[PDB]
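Shown next, in structure tokens, is the structure this report addresses.
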Amino acid sequence: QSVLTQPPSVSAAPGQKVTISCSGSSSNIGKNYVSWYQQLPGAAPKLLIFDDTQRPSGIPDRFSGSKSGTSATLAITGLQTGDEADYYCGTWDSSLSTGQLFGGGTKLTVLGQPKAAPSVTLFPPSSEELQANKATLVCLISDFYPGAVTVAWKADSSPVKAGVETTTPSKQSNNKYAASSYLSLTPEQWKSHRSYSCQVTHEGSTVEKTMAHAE
Amino acid sequence: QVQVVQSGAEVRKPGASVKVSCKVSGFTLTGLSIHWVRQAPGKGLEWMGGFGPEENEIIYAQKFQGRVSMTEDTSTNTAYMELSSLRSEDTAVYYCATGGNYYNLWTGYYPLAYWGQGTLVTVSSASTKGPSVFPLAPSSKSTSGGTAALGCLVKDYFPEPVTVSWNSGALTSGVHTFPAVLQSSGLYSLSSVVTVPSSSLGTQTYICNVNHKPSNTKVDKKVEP
């Protein structure tokens, strides 16, 4: 009972209405005022609703809040791709010690989008990195959907497992995903082989690009 | 014109303490105004402490009780949070927040309307290390259809975070700055890429501005074809 919870995950398409509930008990939502917060990736939380129902200045009428029993609901109408964010409820709890609660948060995913195949772009080690006796090959993976790829590297057709690091995909500002993968090598490994390849697998389809020092 | 500005990212060793500041303008701190909230990577918001309706004094969440201190300095309009006996699980972004002028006098209630930008505190025994910055040069590999991709590789730093801008902030369109990877060496690395008109390449200078404040590192790399 000194706890707020929310569904971890909600999803809908552009133009739809979606709701997110926050469930508590008599000592918190039952007695106290609920506020809601939006949080974009990287960013500080932003106040969306306060005092159960009120919007601050600057928040659009598409967002509304209500309360009933020991639950509270945020509603978003005319869903936009920009509304993709984490959402949190908060209220004071009057019990015990205790003070301010937040719900565990809800990731709202906006599901407009069609399948798109990744583009793969490779950069060889720079001249400055090689002068510093290192070499990093960079594979940039872009404009894909959905947001799940696997990346493998090859030297001349044989797999290279050691020295690979790949980011978890994140949204580009056009709403498709991008990711990156790095292969660390010695300068002499880089200068020797005929070639190195980044192979990106997405929804059962593999695309690869290939490069070599001679180029 | 309400702004809230926190101190920079910090790394601290297990068992040590950290002290975050929070400077507020456009509103006068009362001494009772500031709440602190943290967020561990990929987890939800967790209130740490602040002033509540009933009890007329600063209140701390039971997880932090024996080891946190929250002060508020009215002559300096600055607020401070000190957390000691730090552990791994104290790696988090720490936020201060306030109601500002969102105080309702018919019920006493305020929401948290104004938040700082966050201060990342990393709890680790690894040493602070500034990045090397390398250009990712545009080529015909990175060129299709009148546009070309170029970038900067920001390699081998600790702790998070770094910032990258392009052309001192004049270039924002077409920019994508990736999340860092944490490498098996225990150092981070990331890249930032921008797509530009391939017609510009001859003539327009492209410079990535990289800052890593925990190591006082500032590098501006010109990226050429």
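What you see below is based on every heavy atom in this structure, not just the backbone, and it leaves out hydrogens, waters and symmetry mates. So that the names make sense, note that chain A is the first sequence line, chain B the second, and so on, each numbered from 1.
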Report task. If the plane angle is over 60° it's perpendicular, under 30° parallel, otherwise tilted; pick one for B/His35 and B/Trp47. Result ->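 Rings of B/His35 and B/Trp47: tilted, as their planes differ by 30° to 60°.
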Report task. Could you label the plane-to-plane angle of the A/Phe50 and B/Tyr109 rings as parallel, tilted or perpendicular, counting under 30° as parallel and over 60° as perpendicular? Result ->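 Parallel.
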Do [X] side-chain atoms and [Y] backbone N/O form a donor-acceptor pair below 3.5 Å?
X	Y	answer
A/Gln6	A/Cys22	no
B/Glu160	B/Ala180	no
B/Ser191	B/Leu153	no
B/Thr119	B/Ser7	yes
B/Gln183	A/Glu165	no
B/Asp220	B/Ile207	no
A/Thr167	A/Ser180	yes
B/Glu72	B/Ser33	yes
B/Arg12	B/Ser17	yes
A/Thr106	A/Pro7	yes

Are the side chains of [Y] and [X] in contact, using a 4.5 Å heavy-atom criterion?
X	Y	value
B/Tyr80	B/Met70	no
B/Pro159	B/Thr128	yes
B/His212	B/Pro214	yes
B/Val68	B/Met48	yes
A/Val151	A/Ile141	yes
A/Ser95	A/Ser2	yes
B/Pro131	B/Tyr188	no
A/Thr121	A/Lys209	no

Side-chain donor-acceptor contact under 3.5 Å, [X] with [Y]:
X	Y	answer
B/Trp166	B/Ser192	yes
B/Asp73	B/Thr78	no
A/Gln113	A/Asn175	no
A/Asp51	B/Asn104	no
B/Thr122	B/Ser124	no
A/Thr206	A/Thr201	yes
A/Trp153	A/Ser197	no
A/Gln1	A/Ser27	no

If you look at every heavy atom in [X] and [Y], which pair is closest and at what distance?
X	Y	result
A/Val18	A/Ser11	CG2-O, 4.4 Å
A/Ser26	A/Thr70	N-CG2, 3.8 Å
B/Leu190	B/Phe178	CD2-O, 3.7 Å

Query raised in the report: With a distance cut-off below 6.0 Å to the six-membered ring centre and an angular limit of 45° from the axis, does A/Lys176 pair with A/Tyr145 as a cation-pi contact?
Result: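 Not flagged: A/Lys176 not positioned over aromatic ring of A/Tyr145.
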With rounding to the nearest 0.5 Å, note down the distance linking [atom1] in [X] to [atom2] in [Y].
X	Y	atom1	atom2	result
A/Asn32	A/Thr91	CG	OG1	4.5 Å
A/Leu101	A/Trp92	CG	CH2	9.0 Å
A/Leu122	B/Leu136	CG	CG	11.5 Å
B/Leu150	B/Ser200	CG	OG	8.0 Å
B/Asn209	B/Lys218	CG	NZ	7.0 Å
B/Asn56	B/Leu32	CG	CG	8.5 Å

Query raised in the report: Should B/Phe134 and A/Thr136 be marked as a side-chain contact (heavy atoms from CB on, under 4.5 Å) after you check the CA-CA gap, both sets of side-chain angles, and the distance that decides it?
Result: CA-CA 10 Å; B/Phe134 299 120; A/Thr136 304; over 6 Å; no
Output yes when [X] and [Y] qualify as a salt bridge under the 4.0 Å nitrogen-oxygen rule, no when they do not.
X	Y	value
B/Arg38	B/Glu46	yes
B/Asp90	B/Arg67	yes
A/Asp86	A/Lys107	no

Report task. Under the side chain to side chain donor-acceptor pair (under 3.5 Å) rule, what do B/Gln65 and B/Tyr60 come out as? Steps first, then yes or no, please. Result -> CA-CA 6 Å; B/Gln65 236 151 71; B/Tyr60 299 117; over 6 Å; no
Requested in this report: Sort out for me which residue in A/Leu137, A/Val138, A/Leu183 forms a side-chain contact (heavy atoms from CB on, under 4.5 Å) with A/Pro125.
Outcome: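 Among A/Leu137, A/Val138, A/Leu183, the one that satisfies the side-chain contact (heavy atoms from CB on, under 4.5 Å) with A/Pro125 is A/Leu137.
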Query raised in the report: Out of B/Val175, B/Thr172, B/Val223, which one pairs with B/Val194 under the side-chain contact (heavy atoms from CB on, under 4.5 Å) rule?
Result: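 Single side-chain contact (heavy atoms from CB on, under 4.5 Å) partner of B/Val194 among B/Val175, B/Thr172, B/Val223: B/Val175.
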Requested in this report: Start with the C-alpha distance between A/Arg62 and A/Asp83, add both sets of side-chain angles, then the distance that settles salt bridge (charged side-chain N to carboxylate O under 4.0 Å, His left out), and finish with yes or no.
Outcome: CA-CA 11 Å; A/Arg62 309 190 289 111; A/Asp83 298 331; 2.7 Å; yes
Requested in this report: Go through A/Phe102 and B/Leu112 one step at a time and tell me if the side-chain contact (heavy atoms from CB on, under 4.5 Å) criterion holds.
Outcome: CA-CA 12 Å; A/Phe102 296 94; B/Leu112 304 184; 4.1 Å; yes
Query raised in the report: Checking side-chain contact (heavy atoms from CB on, under 4.5 Å) for the pair A/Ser126/A/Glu129: CA distance, chi angles, key distance, verdict?
Result: CA-CA 5 Å; A/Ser126 61; A/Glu129 187 181 26; 3.4 Å; yes
Report task. Please check if the distance between the ring centroids of A/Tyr88 and A/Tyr37 is under 6.0 Å. Result ->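 Between A/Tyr88 and A/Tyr37, the centre distance exceeds or equals 6.0 Å.
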